[PDB]
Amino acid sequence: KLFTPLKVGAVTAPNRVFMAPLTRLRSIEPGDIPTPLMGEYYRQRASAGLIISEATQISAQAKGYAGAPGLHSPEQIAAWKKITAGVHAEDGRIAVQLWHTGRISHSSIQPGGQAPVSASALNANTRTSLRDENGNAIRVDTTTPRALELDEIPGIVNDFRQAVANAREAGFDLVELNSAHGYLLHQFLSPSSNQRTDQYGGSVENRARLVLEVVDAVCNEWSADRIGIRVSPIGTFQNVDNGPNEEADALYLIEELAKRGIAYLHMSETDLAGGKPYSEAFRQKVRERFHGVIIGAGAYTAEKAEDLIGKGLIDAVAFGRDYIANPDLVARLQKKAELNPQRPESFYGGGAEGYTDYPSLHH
């Protein structure tokens, strides 16, 4: 079933082998600008059922990693247009993953050199990636954030809305909202990072308010069948847990998302260091509540993907590190060929080496 077609909102994927969103930190600074090298990398992977791009800033304030691209400036839009054109010339489909990093950021890359923003003024207690004076990736402790004022929230929603308009002009087929992995939307969702006492904190209805406002805004801006969302609502991701009622709160959010008729729900099931697997009973509860495509991710093998797709519990799988290393992952999985070995030392930063130099089966 991995190599059978799937309707994903407004587009049709020819197979269920998707490229997960992968931050690679190779954009130009100043300007957070995508490059022709990035275009080549994505073009190489155009046989994917769907490419989901690296996380991309909705605004300058959204930036948390040096080398991550934006989709807010004219120069960024022009560069992304070239990248999507190359994917489409090879008959691929590409979604842009949009983020605001919130507290997973550093003052030195924020507007004005000021503290980054979040739901509450609590440090993430982790690291982000900056660049040194020679342009090389380095890890730095996160800056303690400032809590957003209530009157600043509409601007955040508008920044998501505008980035989606920009994505449409840039030629993306779909947008994926990053509501996972401890970034800004997840910072509001989780009671561990959200201690607000206004209508954006406290109850699950209040904690989900921002993400649902964003979903409504972007569905109105473009179309519901162009919108996907990534969540990581069970377990701990980048020091952000999901609170003491994680299953119930996840099912609440999913039931609300379903009302908007969005294209897909993408679940990041565990982080790279691992965690408890999803139960089939939980997967069935998610199916009961969501009527679009469900994508699973997190250390999947083709065997596990086939098992869960065959069981009718998910529709597609997003592979991360296997897609870094195998531009033709679809053909390799379909033919049961060996995969290229991974070189994790070049996942972040640098240039062509460890990026565009992983070969296909045939030249």
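Residue numbers run from 1 along the displayed sequence.
Q: Regarding 46-54 and 326-334, which shows the higher C-alpha temperature factor on average in the entry?
A: Mean B over CA atoms: larger for 326-334.
Q: Of 241-249 and 172-180, which one has the bigger average CA B-factor?
A: Comparing 172-180 with 241-249, the higher average CA B-factor belongs to 241-249.
Q: Which one of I77, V87, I229, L150 shows the top CA temperature factor in the record?
A: Largest recorded C-alpha B-factor: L150.
Q: Whose CA atom has the top B-factor in the entry, of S268, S120, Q162, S108?
A: In this record, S120 carries the highest C-alpha B-factor of the candidates.
Q: Relative to the other modelled residues in the chain, which third contains the C-alpha temperature factor of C219: lowest, middle or highest?
A: It falls in the middle third of the chain.
Q: What third of the chain does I294 rank in for C-alpha temperature factor, lowest, middle or highest?
A: According to the entry, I294 has a C-alpha B-factor in the chain's lowest third.
Q: Using the B-factors in the PDB entry, rank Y200's C-alpha atom against the chain and give the third, lowest, middle or highest.
A: Its C-alpha B-factor belongs to the highest third of this chain's values.
Q: Compare the C-alpha B factor of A305 with those of the other modelled residues in its chain, then answer lowest, middle or highest third.
A: CA B-factor rank for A305: highest third.
Q: Consider only the C-alpha atoms of the modelled residues in this chain, order them by B-factor as the entry records it, and name the third containing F188: lowest, middle or highest.
A: For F188, whose C-alpha B-factor we compare with every modelled residue in the chain, the answer is the middle third.
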